[PDB]
Amino acid sequence: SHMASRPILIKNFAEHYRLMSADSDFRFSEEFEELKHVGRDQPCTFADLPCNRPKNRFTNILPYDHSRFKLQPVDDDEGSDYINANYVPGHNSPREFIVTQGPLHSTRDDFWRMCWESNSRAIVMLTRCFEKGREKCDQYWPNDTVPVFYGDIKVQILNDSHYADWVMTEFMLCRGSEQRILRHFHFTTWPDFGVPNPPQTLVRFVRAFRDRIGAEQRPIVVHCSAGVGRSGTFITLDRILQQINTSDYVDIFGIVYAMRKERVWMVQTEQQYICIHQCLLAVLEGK
């Protein structure tokens, strides 16, 4: 098709890349520029209520109404159903990911409740808590093995595995007499400015994640700072790598356009838009 899908025939992806990157990413920069309006017209009524105003890390990153995850309502709290997060499509399901902002201390309770209510068995954290001096995301998980209660959810570290660019963490999650495990994928290498360089690091992580998570059927929670740029770059990359195993086509454009329609600025910057292409380019060319 043509309008919300620019599919490439894999056997030519390496040329398409050249052709796209050529002239200071002329074509690339231009292809991206088409998405700059996708889904922005959609209402954000709830996110925009007074009682939910303090819950948003950024005033111009708010979940569209049709896509937002909703927390079980609480009978005295007005607007208690709210959290900054949308179901965003993945390779295997329309409601495969829940991408959200990095919780504030003011929202980590809500954030945990979402994981529990969503039945999500995997969080993917793509930002550092602090970076270059700002705070991006509140430490919403214990930093030792003493179990910590976030609301009604008791989170405890069963073990963690540090690597070069990310740390795996296995949480036990308890609500009442009910127990589950959750795997926490924390990519800790992303550069203070720009996209990961070399991008291979990100591919490496996505492989580690997917290999580890399998053909998951409940939601995966994905987050960064605002829940748009990196979150969008990961999900897309995860999708396409799964994809090149069942098709001789890839639709990075198509993937983004679909995500935009679901949650704001999903692949945020054309550097990330390019980065996705480089990662795949790297894979198709045997690193």
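Considering only region 64-145, give the strands (runs of 3 or more DSSP E) lying wholly within it that have at least 1 residues that are closer than 23 Å to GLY254 by Cα, touching a strand residue (DSSP E or B) at 6+ places or on another chain (Cβ under 7 Å) and of a type in the set (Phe, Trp, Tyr). Steps first, please.
Values: elements: 85-88, 97-100, 122-125.
Answer list for region 64-145: 85-88, 97-100.
Please identify the pairs in which a residue from region 139-150 that is under 17 Å from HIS105 (Cα atoms) and without any contact (Cβ under 8 Å) to a residue 60 or more places away in the chain has its Cβ atom under 7 Å from the Cβ atom of a residue that is of a type in the set (A, V, I, L, M, F, W, C) and part of a loop (DSSP other than H, G, I, E, B), counting only partners at least 6 apart or on another chain.
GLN139/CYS129
Can you pull out the residues in region 173-217 that are acidic (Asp, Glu) and more than 26 Å from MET114 (Cα to Cα)? Please lay out each step first, then the result.
Start the filter on region 173-217 by keeping residues that are acidic (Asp, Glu), which leaves 178, 192, 211, 216.
Across region 173-217, the qualifying residue is only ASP192.
Residue check, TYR257 against (1) touching a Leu at 6+ places or on another chain (Cβ under 9 Å); (2) assigned to a helix (DSSP H, G or I); (3) under 19 Å from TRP190 (Cβ atoms), all met but one. Which one?
In the conditions (1) touching a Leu at 6+ places or on another chain (Cβ under 9 Å); (2) assigned to a helix (DSSP H, G or I); (3) under 19 Å from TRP190 (Cβ atoms), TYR257 misses (3) alone.
When both residues are 6+ apart or on different chains and their Cβ atoms are under 8 Å apart, which pairs have a first residue that lies in region 245-261 and is under 15 Å from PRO94 (Cβ atoms), and a second that is in a helix (DSSP H, G or I) and not polar (S, T, N, Q)?
Matching pairs, first to second residue: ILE255/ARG239; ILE255/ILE240; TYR257/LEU35; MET259/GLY232; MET259/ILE235; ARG260/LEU35.
For region 8-46, name all the residues that are surrounded by 14 or more Cβ atoms within 10 Å (Cβ to Cβ) and either on the phi > 0 side of the Ramachandran plot or touching a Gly at 6+ places or on another chain (Cβ under 9 Å) (or both).
Hits for region 8-46 are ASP25, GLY39, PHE46.
Going through region 166-217 one residue at a time, which ones are in contact (Cβ under 8 Å) with a residue 24 or more places away in the chain, polar (S, T, N, Q) and outside any loop (DSSP other than H, G, I, E, B)?
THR169, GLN200, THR201
List, please: which pairs have Cβ atoms under 8 Å, are six or more places apart or on different chains, and start with a residue in region 78-96 that is more than 12 Å from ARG53 (Cα to Cα) and without any contact (Cβ under 8 Å) to a residue 12 or more places away in the chain and end with one that is hydroxyl-bearing (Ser, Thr, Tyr) and not in a loop (DSSP other than H, G, I, E, B)?
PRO94/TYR87
Give all pairs with beta carbons closer than 7 Å in which a residue from region 50-65 that is within 18 Å of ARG108 (Cβ to Cβ) meets a residue that is assigned to a helix (DSSP H, G or I); count only pairs at least 6 apart in sequence or on separate chains.
Close Cβ pairs satisfying both conditions: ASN52/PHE46; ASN56/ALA47; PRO63/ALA47.
Might you let me know whether region 218-237 holds any residue that is farther than 27 Å from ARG57 by Cβ and not in a strand (DSSP E or B)?
Taking region 218-237 and keeping what is farther than 27 Å from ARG57 by Cβ, we get none.
There is no residue in region 218-237 that is farther than 27 Å from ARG57 by Cβ and not in a strand (DSSP E or B).
Give the residues of region 238-252 that are assigned to a loop (DSSP other than H, G, I, E, B) and surrounded by 18 or more Cβ atoms within 10 Å (Cβ to Cβ), sorted by residue number.
Looking only at region 238-252, we keep the residues that are assigned to a loop (DSSP other than H, G, I, E, B), and these are 244-248, 251.
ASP251, the sole residue that qualifies.
Among residues belonging to region 161-181 that are crowded, with 19+ Cβ neighbours inside 10 Å and not β-branched (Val, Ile, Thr), point out the one that is nearest to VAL124 (Cα to Cα).
Of all residues in region 161-181, those crowded, with 19+ Cβ neighbours inside 10 Å come to 166, 169, 171, 173.
Cutting the leftovers down to not β-branched (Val, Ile, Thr) gives us 166, 171, 173.
Details: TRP166: 10, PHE171: 13, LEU173: 16 Å.
Checked region 161-181; the qualifying residue nearest to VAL124 (Cα to Cα) is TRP166.
Enumerate the pairs (first residue in region 1-27 and among the aromatic types (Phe, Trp, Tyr); second residue anywhere and part of a helix (DSSP H, G or I)) with beta-carbon separation below 7 Å, excluding pairs fewer than 6 apart on the same chain, so at least 6 apart or on different chains.
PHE13/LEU280; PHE13/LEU281; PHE13/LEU284; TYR17/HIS277; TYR17/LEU281
Condition first: on the phi < 0 side of the Ramachandran plot and in contact with a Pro (Cβ under 8 Å, 6 or more places away or on another chain). Can you find one or more residues in region 238-248 that meet it? Let's see the steps before the verdict.
Here is the first cut: in region 238-248, the ones on the phi < 0 side of the Ramachandran plot are 238-248.
Next, from what is left, pick out any that are in contact with a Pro (Cβ under 8 Å, 6 or more places away or on another chain): none.
Looking for residues that are on the phi < 0 side of the Ramachandran plot and in contact with a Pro (Cβ under 8 Å, 6 or more places away or on another chain), one finds none in region 238-248, hence no.
Here is a yes/no grid of residues against (1) surrounded by fewer than 16 Cβ atoms within 10 Å (Cβ to Cβ); (2) farther than 23 Å from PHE149 by Cα:
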| site | (1), (2) |
| --- | --- |
| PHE58 | yes, yes |
| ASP77 | yes, no |
| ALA85 | no, no |
| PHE97 | no, yes |
| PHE111 | no, no |
| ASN119 | yes, no |
| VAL124 | no, no |
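Name the single residue that is farthest from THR236 (Cα to Cα) among those in region 253-273 being crowded, with 23+ Cβ neighbours inside 10 Å and of a type in the set (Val, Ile, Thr).
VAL264
Within region 74-117, track down each residue that is of a type in the set (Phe, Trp, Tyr) and under 17 Å from the mean Cα position of the chain (by Cα). Explain how you work it out, then say what you get.
Filtering region 74-117 for residues of a type in the set (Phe, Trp, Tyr) gives 82, 87, 97, 111-112, 116.
Across region 74-117, the qualifying residues are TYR87, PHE97, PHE111, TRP112.
All Cβ positions, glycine included, derive from the backbone under ideal geometry; neighbour counts span all protein chains shown. FYI, it's all coordinate maths here, none of it is from the lab.
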